[PDB]
Structure formats: structure tokens, C-alpha cells
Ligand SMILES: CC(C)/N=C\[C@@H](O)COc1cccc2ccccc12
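Just the one chain here, laid out as C-alpha cells, in the form deposited without the named molecule.
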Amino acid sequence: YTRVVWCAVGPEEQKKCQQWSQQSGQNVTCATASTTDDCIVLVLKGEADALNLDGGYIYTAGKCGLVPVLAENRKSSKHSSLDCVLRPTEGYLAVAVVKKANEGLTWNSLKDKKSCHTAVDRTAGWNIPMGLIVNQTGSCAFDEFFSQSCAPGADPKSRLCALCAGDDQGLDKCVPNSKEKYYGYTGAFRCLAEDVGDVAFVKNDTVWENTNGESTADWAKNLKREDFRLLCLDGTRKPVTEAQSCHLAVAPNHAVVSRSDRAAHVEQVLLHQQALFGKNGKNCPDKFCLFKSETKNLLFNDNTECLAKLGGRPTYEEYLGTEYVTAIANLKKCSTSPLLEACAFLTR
């Protein structure tokens, strides 16, 4: 079985993956599920092989035995010309973000406001913010800390899904895939933009990429960096350029995961795949661009140069950073989920 079956979360991702299968002559094939958690289960069953994952999902899969194959990697300023696949990863910034126009809203007045989150269990969208809010307030009731949210993946009869828009017909509110208008990085920031929420937790890179003519997408052509601000943990606010000084935390980059018995096959298949279709591969754009989704972030984030190598053969823990595994761990004392419970024994 040479083919690497890839896991597409949601129908929009499934289409780009069907495309990739066709271009790759079945070097890659598609399986899908509605959610990432579901996909992780296919990867476990052996029904799929691999998929690229936010660091928080990496911890879920990590727990269930899956391991990290190659990290997503983006442009760089520091050391900005060693080869992409061997150049170390620099992480990204998880930020709290607001309309500038609104005032009196700051980290310390967040309680009882309205939130837009990438989706539940994700790193910047969720794990970091809710992480801190737990440590600070000192209670496990983050489900009630904000007045309402969009938090795809949460309980959809609950308040954390109260603000989610669903798709075009409004079907499937709160399903944590790209058919939910406010899903993921782009989704969250848009939930902010349309004033459905007060704060939105995202990465620095997400505001720059959807303001000031960078997206030519109806919801975001006219958006202006000026109209937004970043809450720091100071109590303070700064514009988006000071993100380095105004960020909640540093996050580990998305990364591909698979089963260990499938890691090397997958890593190799992918390295060739990116050479074919990656940022500067033979066939991109003449044929297929693996890293472009028109700002919809499918399979991969659109600002990925290449998938890069990892020091040794790490585990979720080496890969994520021991500092983060604890932040996630401690947040997770306040809530259970099917997959961590079902897999808890593997890692005891």
C-alpha cells in the first residue's frame, strides 16, 4: 500500500484533497470526517494515514499514540536563508484582538463579553486563552466566563456555540470544520469583523493576512489594521505591529501526524509531494498548489513555505514543548473529552 490516505476535515477540505490525489497519481488519497477528532480516529483505525494538525489536536492524537511527522513552516526574518526544510521553526503568536473603536475593553474586563474562538481544543483559539483565564480567575467555569461565544466544537445546544453562524443556509452551526462561517483562524477574526463578538483569539499572522487588500474576499477587502487592537496581559492595548510585545503566548506550529508504523513512509511521500506542489515546486501553480486555499486554510495554512523536519523522532511532548503540555494538561483537569478518556490508558 504505497498510497498515503490523507484525512480531510469537512467537504471543502475533501475537494482539495481529491484534487491532490489526482495530481499525485494516487501517491495520496482521501478520506474525510466532519471533525478533526473524528479524523484522528480514522488515523488510529488505520482507515487513514495522516493529516496536518494544530498543536492542541496534536496533544489529543499524541495521547492516542499518534506521533508528529513534519512541522508546517512559514516565512522568516531571523536566519532568513537556510533551506526551508532544515531551517528551525519559530513558532507563532497567539493574540487577543478587538475592534479599536470599542473602548473600555481589555484583558481585565473580558469577563462577560462575547468571544470568537478558532475552535475548541485548538491552541491560540482556545487552549492558551482559556488556559490563562482558568489560572487567573481560579475556577473551572470558563464555560460561563464569557457571556456568549463562537467556539466550534463545543456543545451546540450551549452558549459557546450561541454565536456560530453555520454555513450559507445556516446548517451545522458550531461543527468545527470550514463550512462554519466562523471556523478556525479566518472564521474567528471574521466573527470579530462583523461584530458578532467582542474579542477573538487568533494568531498575529491572521490579522495581517485579512486586512488591507491581502484577502480579496468579500468580507475582508475593506478591513483596516487601524480598526483593530491587541489586548496584552498588562491590562494594556497596542496596535497589531506590537504583537511581539502584545501576545498571549508562543504556539507550536501545525504539523503532520500519523501512526509510528506509518511515519517514515508518510514523511518521505510528503517531502516529494511538496517538491512537486509546494511553494516552489515543479507543478505549482502550473498544476496544483498544496499550500494555497484562497485564504481558507485547507489541509494546510496558506502561509506555509514547506513542511520541515523535526529534531530526531519526537513525540507530542518533545514536539509541543513541556511548558505547553502542562498548560494544556492543567486546563484539561477542568474538562473531559471522549478521546482523552478513551485513550488515557496508553499514556499512563
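In case it trips you up, residue 1 is the first one in the sequence shown, and so on.
What comes next is about the form deposited with the named molecule bound, which does not appear here.
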Open item on the list: Residue-level question: is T89 within 4.5 Å of the named molecule in the deposited bound form, judged on heavy atoms?
Closed with: yes
TODO: Examine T186 and determine whether its closest non-hydrogen atom to the named molecule in the deposited bound form is within 4.5 angstroms.
DONE: no
Open item on the list: Please determine whether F291 contacts the named molecule in the deposited bound form, using a 4.5 Å cut-off between heavy atoms.
Closed with: no
Open item on the list: Given that the named molecule is not shown alongside this chain, does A251 nevertheless sit within 4.5 Å of it in the deposited bound form, heavy atom to heavy atom?
Closed with: yes
Open item on the list: Just to be sure I understand the contacts: of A31, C284, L310, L44, which is the one whose heavy atoms reach within 4.5 angstroms of the named molecule in the deposited bound form?
Closed with: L310
TODO: Tell me the stretch among 159-167, 191-199, 89-97, 109-117 that has any heavy atom within 4.5 angstroms of the named molecule in the deposited bound form.
DONE: 89-97
TODO: Give, in sequence order, every residue of 65-86 that has a heavy atom within 4.5 Å of the named molecule in the deposited bound form, or say none if there are no such residues.
DONE: none
